[PDB]
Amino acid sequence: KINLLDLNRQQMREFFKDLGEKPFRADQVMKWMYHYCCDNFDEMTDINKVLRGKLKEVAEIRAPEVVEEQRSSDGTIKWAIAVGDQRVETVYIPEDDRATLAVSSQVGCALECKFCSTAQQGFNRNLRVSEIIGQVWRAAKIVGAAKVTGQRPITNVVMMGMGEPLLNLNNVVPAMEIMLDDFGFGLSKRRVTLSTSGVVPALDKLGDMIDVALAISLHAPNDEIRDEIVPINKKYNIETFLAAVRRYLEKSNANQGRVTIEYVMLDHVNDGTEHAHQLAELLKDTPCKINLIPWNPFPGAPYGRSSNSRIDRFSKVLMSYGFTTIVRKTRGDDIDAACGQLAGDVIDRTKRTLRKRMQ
């Protein structure tokens, strides 16, 4: 069967057209899928029985299943999401004004950032469209669909889970189109954020095919430090990445002329005042919002979390130059906040297979 979660509205309309139906019936079906979090054609009351019969025969609504769940005391929910044999993560982060979902793009990652727990695993495969938007669907359902509960479950989506989004453009863009779509999750392009370590050629391509909010993962004042922290800097350095960001903003207006800059705080690597000064000079031409993220530790990594006093000094240096700097609050401290810890080692795959036999 065709999984309807793989399709955007354009593709959803043409599918129904081959079924012998008028375009807006696809829109009507999407609405049941995303506004009500429905995966059952029998539950769709305002669709005629004939159309309902065609859909059950050739189509399915199969969302990724939750294999594990962790609820924090601050509201943060973290899920291990099954995608065939392997596992990926999805984190729900509730706030006062916003509700943010962290979605994964790939199974593992090939970019080997030394401060990321997914790096040590290595890359396995990219996710399908259904496997990316189905994280949102599944999260929305469990949290509570908009037209079921009355309140939207998810107001903000950030592609900051496992994987590098820009190395999966073919599946990530259509999935984001569904997030943006009114018959999908009806999100503003300000509320859909793609994070990237800096795959420059792909970033130039992203701007030609969609307009969403960009956030860059910088983590360094210079190229000498970033070669160590973020290996892709060896291929596309900071000034090549910054120049690519300006080219994107000339096409994009989701950022409103100001790119988001992610900057993790690692003990005595990139958190002294001398790094803040260098970073201020670096970005003097590029308008931005700087998010200072405290490093969530995990076993194995050769780094420590930066003391909050050093984070304040670092922040105040940048604020003196006139940069808008945000110190991001840590979420899920009582649980595994570290990105990629719940979905653990690769060898569990075999141990899961023996589990199902004696179930």
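The first residue of the sequence shown is number 1, and the count goes up from there.
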When the C-alpha temperature factors are averaged for each of 21-29 and 332-340, which stretch ends up with the higher value in the entry? 332-340
Once you work out the mean C-alpha B-factor for both 31-39 and 298-306 from the entry, which is higher? 298-306
For the CA B factor values reported in this entry, which option in 196, 171, 106, 120 has the top one? 120
If you rank the chain by CA B-factor, which third does residue 319 end up in: lowest, middle or highest? highest
Give the position of residue 236 by CA B-factor within its chain, expressed as the lowest, middle or highest third. highest
What third of the chain, by the recorded C-alpha B-factor, contains residue 52? middle
Among all modelled residues of this chain, ranked by Cα B factor, put residue 141 in the bottom, middle or top third, i.e. lowest, middle or highest. middle
Sorting by Cα B-factor within the chain, modelled residues only, which third would residue 284 end up in: lowest, middle or highest? highest
